[PDB]
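Asks: Could you have a look at this structure, given as C-alpha cells, before my questions?
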Amino acid sequence: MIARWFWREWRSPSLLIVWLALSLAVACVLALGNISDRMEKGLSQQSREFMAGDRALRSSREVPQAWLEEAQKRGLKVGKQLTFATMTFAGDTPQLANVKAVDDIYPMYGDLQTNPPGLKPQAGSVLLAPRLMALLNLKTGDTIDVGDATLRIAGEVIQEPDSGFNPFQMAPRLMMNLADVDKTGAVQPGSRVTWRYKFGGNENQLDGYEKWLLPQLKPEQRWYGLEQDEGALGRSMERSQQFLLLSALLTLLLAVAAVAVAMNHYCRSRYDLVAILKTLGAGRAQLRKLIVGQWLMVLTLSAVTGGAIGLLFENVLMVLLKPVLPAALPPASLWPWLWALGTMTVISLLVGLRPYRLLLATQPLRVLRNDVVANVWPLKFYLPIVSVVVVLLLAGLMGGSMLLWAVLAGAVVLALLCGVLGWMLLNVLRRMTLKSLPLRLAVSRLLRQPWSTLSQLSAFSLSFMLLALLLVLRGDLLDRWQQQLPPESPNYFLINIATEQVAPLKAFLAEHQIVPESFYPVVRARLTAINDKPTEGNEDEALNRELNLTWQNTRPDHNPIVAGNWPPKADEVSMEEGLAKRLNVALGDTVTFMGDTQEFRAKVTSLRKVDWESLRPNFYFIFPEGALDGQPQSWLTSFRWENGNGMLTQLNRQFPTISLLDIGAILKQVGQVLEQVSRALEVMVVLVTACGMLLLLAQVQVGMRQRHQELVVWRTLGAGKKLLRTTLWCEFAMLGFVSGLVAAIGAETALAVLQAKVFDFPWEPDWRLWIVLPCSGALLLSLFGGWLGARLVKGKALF
Amino acid sequence: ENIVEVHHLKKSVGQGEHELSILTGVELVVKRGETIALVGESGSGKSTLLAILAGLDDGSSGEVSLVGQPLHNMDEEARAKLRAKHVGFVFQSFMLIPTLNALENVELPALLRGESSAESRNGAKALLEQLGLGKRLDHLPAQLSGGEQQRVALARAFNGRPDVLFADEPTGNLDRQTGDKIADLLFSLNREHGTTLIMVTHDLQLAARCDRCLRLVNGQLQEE
Amino acid sequence: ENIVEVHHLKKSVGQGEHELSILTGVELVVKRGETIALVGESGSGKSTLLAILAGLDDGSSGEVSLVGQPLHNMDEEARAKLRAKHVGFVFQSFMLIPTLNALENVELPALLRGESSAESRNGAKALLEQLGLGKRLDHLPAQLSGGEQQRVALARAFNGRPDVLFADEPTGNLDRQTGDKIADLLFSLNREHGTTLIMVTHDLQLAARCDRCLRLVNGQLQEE
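Protein chains in written order, with this note's numbering: chain Y, 1 to 799; chain B, 1 to 224; chain S, 1 to 224.
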C-alpha cells in the first residue's frame, strides 16, 4: 500500500525536483567536503612525514656539523635537505629549475613516488619532474646537464614525501644528492640556497635537542615543528580550503532556495490532499507518522543518490586535477559523509518545519472552501528565527572568519544588484516599442511577476558570474599576455650575480643589441627588528623570507615617492608604501637587518608607492648607495628580448652561475595551471548551473497553474499554437539573454576595476565574451523553453 | 435514538460591521434511517451548515449532538476519530486521492481505522464489483470518467458503512443520466444500510427523493 | 447573413460501454445581430457545444459553419485566426490576466488581431472611459471587483469590434444587482454595436430579455 503510494507520489514534478535538488546538494557538499578532508588528511600525514620527525631547522647557511653530531649522539635521525635554483640542459636548450639535495637517509618516513618507483638520488643520478621532461623533450635513462655536471636521468618525480603543494610554482623539481651537489661545482657561496635539517626520534630527546640548540639559532635560522612550518604554503592551502568552502556554500544556498520554493509549492498542492485525509478520519498521530515517514524516505533516497553522484564527481575531480594535485592522496574518511548527511538533514528540517506544521495543522474546511488556509506561524515571526539560526549556523561553520563573511555578503549583494539591474533592463526594454507581439507579451509577463523573475534572474546571474569569471581568467589572461607589452616593463630578470661578473654580462648586453635596463645591487637579508622591536612572530609574508635590498643613485623610474626625501643618506632607507601601511612603519622609524655577514641598521626616511602588482622590479627597502658593501653584494637586473633563444643559450654558457628568469615561461606555466583550475571550476559551474536549472524548474512549477490558464486564455482568444510556442521560445531565450548581458556587465566591471586600481592596464572591451556568453545562455534557456512548450502546448489537453 | 440533534446553532462570519451572521439559530433532530435533504440558494451558508453538522468547524453558539456527543466540546482529534468511526463523505468534486487506484481509494478508510487488509480488500472489491468497475481496480483517478470517479468516492464512503453520510451536490459535474444513476444507486445502497444522509444541493427532484426536505432561509431551517 | 450554421451536430465522449454522446443531433441557424440564449440545466454540456461552435475542438459529426467558414474543414490555426478576427468571448471567471493591467488586458486581443499598438490603446482607453473605469486602468485584476472584472472582460471582448459574442453565465460569480446591470450594459453595447449574441445562462429572465431562447435537452436543441 504505502509502497505504491510513495512510488506514485514520487513521480510528482515538485516532489521529484525536491528529491533531485537535495541529491545535488548532498552530492556537492559531500564531494567538496571530501576533497577538503583529503587535502587536510594529506597535509596532516605529510606534516608527519614531510618532517619525518618533530623538529626542523631552516637556514640560509650551512649550520655547524657539531649540532648535527649532537643530534646524532642524542639518538636522533638527521635528514638533510638543500633547496636551490639553477639551470638544466635540454641538449642545447637551457631552462630554469629548482634542485633539491637530499642524503640517502631521506626518506626515513613516508614513501617516495618516482617513475620508476623505488629510486633514490645516487652519484651521477638525477630525478626530474615530468613537466620538465615534457618541456625538455628528455626521457628516463638519458643524461642531462645541470650546472657544471652531466648526470643520468634515473627517473621521473611522481610525488615526493618532501615535495610541497605549490600550484603556482616557478621551477620543476630536481631530486639529487649532496655528493653530486659538491661534484657539480655550480653551487656558489651566498647563493639562493636553503638548508633544511629534520630531526626524528622519540619526543623527549627531540625536545632536549631543541632546547639545547635554541640559544644557538641565528635570525636566518628558524626552528619549527609539525604545524610551525606555515609560511606561504599554509596560507595557500588555507586559501584553497576557503575557496572550496565558498563554492560549496554558494551551491548549497542555491539548492536551499530551490528546495524551499519547490517544496512550498508541493505542500500548497497537497493542502487539499491532506485536508481530504483529515476529513476521512486521519488522526494527527497517523497523519504525522505518514508525512514524517514520506519525508524520511525521500531524504534517505536523495542522500543515497546524491552520495553516488558525489562519488562520481569526486572521481572526476581527482582525474581532472592531476597537474595541481599530488598524484597519491590519502583515502577519504567517513567524516565527509557525516558532514553531508547532517547538512542536508538540517537544511531540510529548517526549510520544512513550517510546511510540515502547515500540513499537520491544515484546516479540513479547505475541503469545502478552496481559499481558507490555516494561518499558523506568520512570516513576521518565522523569518527572524530562521534568519538567526542560519547566521548562527554559518558562524559555527566559520567562527571568526571575517574575510569569508565579507566575501559571501559581497557575493549575495552582487547577486541582488545583478537582479535589480536586470529588472531595470527589462523595464527599459518594455518602455521602448516592441513590433513583435511575443516579445512584448513576454517582457510584460516578466515584469508583472516581480519576485519570481527577480529571484530567477539573480540565480542565473550568479551562475553566469561563475562561468563568465572562468572565461575571463582563461581568455582575458591570454589577451592580457597580448596586453602585457606596456611601456618600459622589464621582461627577463637576472638574479644572483657576483660583482666581478657585472662587466662581461653588461658587455654581453652591449653586444647583443640589448639596452641595459635598471641595474639593482641587491643584498638578501631578513628583517629582525622594527624600531628595535623584534619582528619574529608576525605572520607577514615579507618577514618570513629573504628581503631584497638595493641602492640607486637616482630615483626609481617605476616607483613614485610620496613621503620623505630622495635620495636617502647613510643609515637612511626608503620604505615601500604598502608594507609601511601594513607594518605600521612611519618616517624616522628604525629597521634592523640580518645580512649574510653583518647585522646592519637603517632609518626609514622616505615613503614610495611601489606597485608590487605591476610587473616591475619591486623592493620594500632601498638603501643609500654604498651602504651594504660589507654584505656580499649580489646583483639583479632585467632586459627585454623577443627574437630567438640562442642568445639566452650563449649567455648561460658564458655564465652558468647567474640566475635567469623568463617572465614568458613562468607566465605560460601559470597560464596552463590556470587552465587546469579552470577545468575544475567549469565542473563546479556545471554543478551550480544545474542547481540554477533546478531553481528554474521549481519556479516555473509553482507557476504551472497560472501559466497553463494563461495559455488557455490565449488559445481561446485566437492565439496560434505556433505563436504560443514561439512566445515561450522567445520568453526563455530573452530571459537567458538578459542574464547573459548582466553577467557580461559584471565581468566587464571586474576587468575595469582590476585594470584600473589593481593592475593599471588600459581597459578594452572584450567583445568575445559579450558575443559568446549571453548567446550561450539564450540557447540553453531556449532549449528549455522548447521542451516546456512541447510539454504544455503540443498536448491537446489545453481544452 | 436521534442520530443528529441541532439546537439553536448561531453562526457568524466576520467582525464588526462585516460580521455576516449567516446562521441565526438552527433546531433540527434527525432520526436514524431518515433521508434529509438540505436545499437553498448557492452561497447562502448551506456549505457552512453542512460543515458545522459534521463537526468540521465550530459555530458562534449552539448545541450539536452527532451520535450523542457534544461536538462543541471535543477537540479536533476526537472529531476526526468520530468522523472515521461513523461518518462518510461525498463531494461535488468528489475529492478522490489523485495518486491512488480505485481499490486503494476505497480501502483507505479501513487502513486509517487500522482494520485488517484482507477482509477490507474483500469488501472493497465486492462493493466495486457491485458498482461494475471490474476493469478499473488499478486505474488511476485521472483516467476515470466523472461518473466512475463518483462511483469510486461513493464506494469509499460505503466501505465502513457509516451511520451518517454528508454529501453535497453529488451530481454537480455530471449530466442527467449519470446523475440519476449515481443518485438512485446511492439511495439503493443506502436503504439496506440504514444510514442517515444529508444532501446539500439545489436540485428540486433530488430533494423530493429524500423523505424530508429542509430549505435554508436567512439563517433558519424551514420544512418544505 | 447566416452567422452561425449547424447541421446534425453530434458530439460524443468516453470509450466502450461508458462512451457517451454529449450532443445527440443539433440544428441551428443564427442570423446577424440576433440575441440568442442557450438555456439548460446545470452540467448539461453547455460548455461542450459552446466550445464546439468556438472551433476549439472537433465534434463527432455535424456541419458547423461560423461566419461562412465551416470550421470542420481546415486546421486548428485557421480556426484560431478566425477566432481572433471575428468572435469575442465572455466567461464566468473573466480570466483577467493577473500579469497584465486592465488597459493592456483590453489592448492585447486587438494586438493579436495584428492592429497597431496606438489604435489598440486608443480603443481600449475609450472603452474604459465609457465603462467608467478610467480611474483604475492600471489596476491589476486582483484588486478589481466582480463588476469591475466583468467590465474589463466585456471591454476586452468589444475592443476588436467582434461580429459575434459567445458568453456563458458571466454573472455566475456575481449577485443579482451586478448580474442585471451588466446584462443590460452588454445588451446595449451590442445593440449599438450590432453584434450577434450567443448566451449560456441557467437563469430564465436573461433568455426572456434575449430575442430568442433555445433549450438544450439531452444534446438536442428545442425552440422556446
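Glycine residues also receive a C-beta, built at the ideal position from the N, C-alpha and C atoms.
Could you work out which residues of chain S lie near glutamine 484 of chain Y, taking near to mean beta carbons separated by less than 7 Å?
Replies: The premise fails here: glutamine 484 of chain Y is roughly 51 Å from chain S at the closest Cβ pair, so nothing lies under 7 Å.
Asks: Under 9 Å Cβ-Cβ, which residues of chain Y neighbour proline 109 of chain S?
Replies: Simply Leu717 and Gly718.
Asks: Would you mind stating whether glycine 564 of chain Y and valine 604 of chain Y have Cβ atoms separated by less than 9 Å?
Replies: A contact, by the Cβ cut-off of 9 Å.
Asks: Determine the contact status of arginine 74 of chain Y and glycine 200 of chain Y, defining contact as a CB-CB distance below 9 Å.
Replies: For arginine 74 of chain Y and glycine 200 of chain Y, no; Cβs fall outside 9 Å.
Asks: Which bits of chain B does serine 145 of chain S rub up against, with CB to CB less than 9 Å?
Replies: In chain order: nothing, as chain B lies at least about 15 Å away.
Asks: Helix, strand or coil, according to DSSP, for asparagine 122 of chain B in the structure here?
Replies: Note: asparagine 122 of chain B maps to helix in three-state DSSP.
Asks: Curious, which full-length beta strand (DSSP E) runs of at least 3 residues does the stretch 102 to 165 of chain Y contain?
Replies: Counting whole runs of 3 or more residues, the stretch 102 to 165 of chain Y contains the beta strand (DSSP E) stretches 113 to 115, 125 to 128, 143 to 146 and 149 to 159.
Asks: Taking the alpha carbon of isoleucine 3 of chain S as the point to measure from, which residue in S:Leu9, S:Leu28 and S:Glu19 has its own alpha carbon closest?
Replies: Considering only alpha carbons, the answer is S:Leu28.
Asks: So is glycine 134 of chain B buried or exposed if we call it buried at 16+ other beta carbons inside 10 Å?
Replies: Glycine 134 of chain B is exposed by the Cβ-count criterion.
Asks: Could you check whether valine 346 of chain Y and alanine 25 of chain Y sit closer than 9 Å to each other, using their CB atoms as the reference points?
Replies: No. Outside cutoff.
Asks: Hey, how far is the Cα of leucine 403 of chain Y from the Cα of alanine 665 of chain Y?
Replies: Taking the straight line from one Cα to the other gives about 33 Å.
Asks: Taking the alpha-carbon positions, what's the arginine 448 of chain Y to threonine 99 of chain S distance?
Replies: Distance between the alpha carbons of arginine 448 of chain Y and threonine 99 of chain S is about 5 Å.
Asks: Using a Cβ-Cβ distance under 9 Å, would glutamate 76 of chain S count as near chain Y?
Replies: By this cut-off, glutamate 76 of chain S is an interface position.
Asks: Closer than 9 Å, CB to CB, is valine 274 of chain Y near chain S or not?
Replies: Not one chain S Cβ lies under 9 Å of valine 274 of chain Y.
Asks: Hey, how far is the Cα of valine 64 of chain B from the Cα of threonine 48 of chain B?
Replies: Distance between the alpha carbons of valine 64 of chain B and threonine 48 of chain B: 14 Å.
Asks: Going along chain Y, which residues have a C-beta under 9 Å from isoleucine 198 of chain S?
Replies: Neighbours of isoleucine 198 of chain S on chain Y: none; closest Cβ ~14 Å, over 9 Å.
Asks: I need the DSSP call for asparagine 218 of chain B, collapsed to helix, strand or coil.
Replies: Note: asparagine 218 of chain B maps to coil in three-state DSSP.
Asks: Could you compute how far the alpha carbon of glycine 91 of chain Y sits from the alpha carbon of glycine 646 of chain Y?
Replies: Taking the straight line joining both Cα atoms gives about 13 Å.
Asks: Which residues in chain Y have a C-beta closer than 9 Å to the C-beta of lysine 81 of chain S? List them in chain order.
Replies: By Cβ distance, chain Y contributes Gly718 and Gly720.
Asks: Considering Cα atoms alone, identify which of Y:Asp229, Y:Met465, Y:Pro219 and Y:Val428 is closest to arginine 48 of chain Y.
Replies: If we check each option's Cα against that of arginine 48 of chain Y, Y:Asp229 comes out closest.
Asks: Given that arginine 209 of chain B touches chain S, what residues does it touch there, using C-beta distances under 7 Å?
Replies: Correct list: empty, because the minimum Cβ distance to chain S is about 16 Å.
Asks: Using the Cα positions of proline 774 of chain Y and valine 738 of chain Y, report the straight-line distance between them to the nearest angstrom.
Replies: Cα to Cα, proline 774 of chain Y sits roughly 7 Å from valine 738 of chain Y.
Asks: Does the contact criterion of 3 or more C-beta pairs under 8 Å hold for the stretch 155 to 166 of chain B versus the stretch 180 to 198 of chain B?
Replies: The stretch 155 to 166 of chain B, when compared against the stretch 180 to 198 of chain B, does touch it at the 8 Å Cβ threshold.
Asks: Report yes if the CB atom of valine 152 of chain B is closer than 9 Å to the CB atom of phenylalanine 89 of chain B, and no otherwise.
Replies: The answer is no: Cβ separation not under 9 Å.
Asks: Near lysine 46 of chain S, which residues of its chain fall below 7 Å by C-beta distance, leaving aside the five closest residues on each side in sequence?
Replies: Closer than 7 Å at the Cβ level, and outside the excluded window around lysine 46 of chain S, lie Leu38, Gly40, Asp168, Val200 and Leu216.
Asks: Quick check on this structure: which residue in S:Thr195, S:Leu112 and S:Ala124 has the alpha carbon closest to the alpha carbon of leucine 137 of chain S?
Replies: Among S:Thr195, S:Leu112 and S:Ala124, the Cα nearest to that of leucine 137 of chain S is on S:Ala124.
Asks: Hey, could you find the ends of the beta strand (DSSP E) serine 614 of chain Y is sitting in?
Replies: First-last for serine 614 of chain Y: undefined, no H or E at that position.
Asks: With DSSP collapsed to three states, give me the class of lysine 218 of chain Y.
Replies: Here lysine 218 of chain Y sits in coil by DSSP.
Asks: I think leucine 717 of chain Y touches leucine 112 of chain S, with their Cβ atoms under 8 Å apart; what is that distance to the nearest whole Å?
Replies: At roughly 6 Å, the Cβ-Cβ gap stays under 8 Å, so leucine 717 of chain Y and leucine 112 of chain S are in contact.
Asks: Assuming contact is defined by CB atoms lying nearer than 9 Å, are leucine 245 of chain Y and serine 463 of chain Y in contact in what I supplied?
Replies: Against a cut-off of 9 Å, the Cβ pair of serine 463 of chain Y and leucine 245 of chain Y comes out as no contact.
Asks: For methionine 424 of chain Y and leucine 441 of chain Y, I'd like the C-alpha separation in whole angstroms.
Replies: Distance between the alpha carbons of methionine 424 of chain Y and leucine 441 of chain Y: 17 Å.
Asks: Please classify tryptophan 551 of chain Y: does DSSP put it in a helix, a strand, or coil?
Replies: Of the three classes helix, strand and coil, the one that applies to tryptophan 551 of chain Y here is strand, per DSSP.
Asks: Any heavy atom of the ligand FMN closer than 8 Å to the beta-carbon of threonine 592 of chain Y?
Replies: Within the structure as shown, the ligand FMN is missing, as the structure has no ligands at all.
Asks: Please name the residue or residues paired with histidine 7 of chain S in a DSSP beta bridge.
Replies: DSSP output for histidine 7 of chain S lists S:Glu63 as bridge partner(s).
Asks: As a quick exercise: from B:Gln143, B:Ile97, B:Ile182 and B:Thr195, pick the residue whose alpha carbon is nearest that of residue 808 of chain Y.
Replies: Only positions 1 to 799 of chain Y appear in the structure, and residue 808 of chain Y is not among them; the question remains open.
Asks: Which residue wins for smallest C-alpha separation from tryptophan 295 of chain Y, given the options Y:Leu349, Y:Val700, Y:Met318 and Y:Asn618?
Replies: Checking every option, the nearest Cα to that of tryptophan 295 of chain Y belongs to Y:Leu349.
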